[PDB]
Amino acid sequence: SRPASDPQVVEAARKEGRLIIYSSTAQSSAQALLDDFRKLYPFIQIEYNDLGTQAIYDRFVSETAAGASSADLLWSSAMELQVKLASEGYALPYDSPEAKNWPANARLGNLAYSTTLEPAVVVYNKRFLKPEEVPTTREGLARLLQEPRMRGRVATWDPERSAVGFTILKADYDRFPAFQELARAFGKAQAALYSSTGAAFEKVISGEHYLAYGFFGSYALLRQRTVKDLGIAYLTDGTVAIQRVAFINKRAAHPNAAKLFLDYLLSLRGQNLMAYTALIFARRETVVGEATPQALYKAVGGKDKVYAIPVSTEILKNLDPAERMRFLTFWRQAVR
């Protein structure tokens, strides 16, 4: 199919001829979306900047303050930092014709959009933990992490170096009491903390760690295709899902190309490519592939077991000084 972007937007994008993206989405995961978008619009040259979540925010803020050339479109899993920018005058307001059935809690009006529904999962090395040895609950994981063989064998986010690590672990801490017992077991097992999914996965795949907690199901599914010893367990006591937020730079030199790419990401065509080929867990329910809401809900025991972090200014509470102090003070004491 073809995204329902307005014909006048398509022609204005052709005049621009160019699209600059700042994205946290691994190029390995995004590449099939970029390639399909270029098939749709061969007259748009894409510059894809694969950057850390904190670095996107810092660089966009600096470039905008200096009046400098910046991104047309920002796409990031650090939901608080995306919602912060889009609620502070950095977003081009645009009603996507592809987002008409987006729930209100999946969009910041016309300022920013959910593009995914990606679970925080457990990945493990099947050579060292068999599927049946991996518990699917926080209390069961706390129990496994008491075992001497697990000491040195756990990876999780560093929520002080990854903005999305913070998004995920803060939401886990807020929603699941059992997260506290688990975080103390991170301490017991001397969990190593990583600022990126790839650094954690590299150590699970070598076997330096047996298990990684809290990383994206999308990246786990894509890595599984080339690494057969990679296992994925879905939490059945409650799964946190992030929504990667896209918005258009208000000061985009190529606003119309950004509109076409945003529409593409929200379209059936783009969400189906996520679900089927990129193995990015899609936001749209009416998709076919492995990385779908249907598949996620089946793995966790139902939709009610998924806490989907909303694309809302309410989540800026996570950036409040008192709220970061409570979370970090507890976190640092538990995992030392």
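Residue numbers here begin at 1 and follow the sequence given.
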property	result
Mean C-alpha B-factor comparison - 190 to 198 and 108 to 116, higher one	190 to 198
Between the two ranges 233 to 241 and 123 to 131, the one averaging a larger CA B factor in the entry	123 to 131
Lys170, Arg143, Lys84, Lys259, ranked by C-alpha B-factor: the highest one	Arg143
Options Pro293, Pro310, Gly67, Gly52 - largest CA temperature factor per the record	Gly67
Among modelled residues of the same chain, the CA temperature factor third for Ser29	middle
Third of the chain, ranked by Cα B-factor, where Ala220 sits	middle
B-factor third for the C-alpha atom of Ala299 within its chain	highest
Chain thirds of CA B-factor: placement of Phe281	lowest
Third of the chain's Cα B-factor distribution that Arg324 belongs to, per the entry	middle
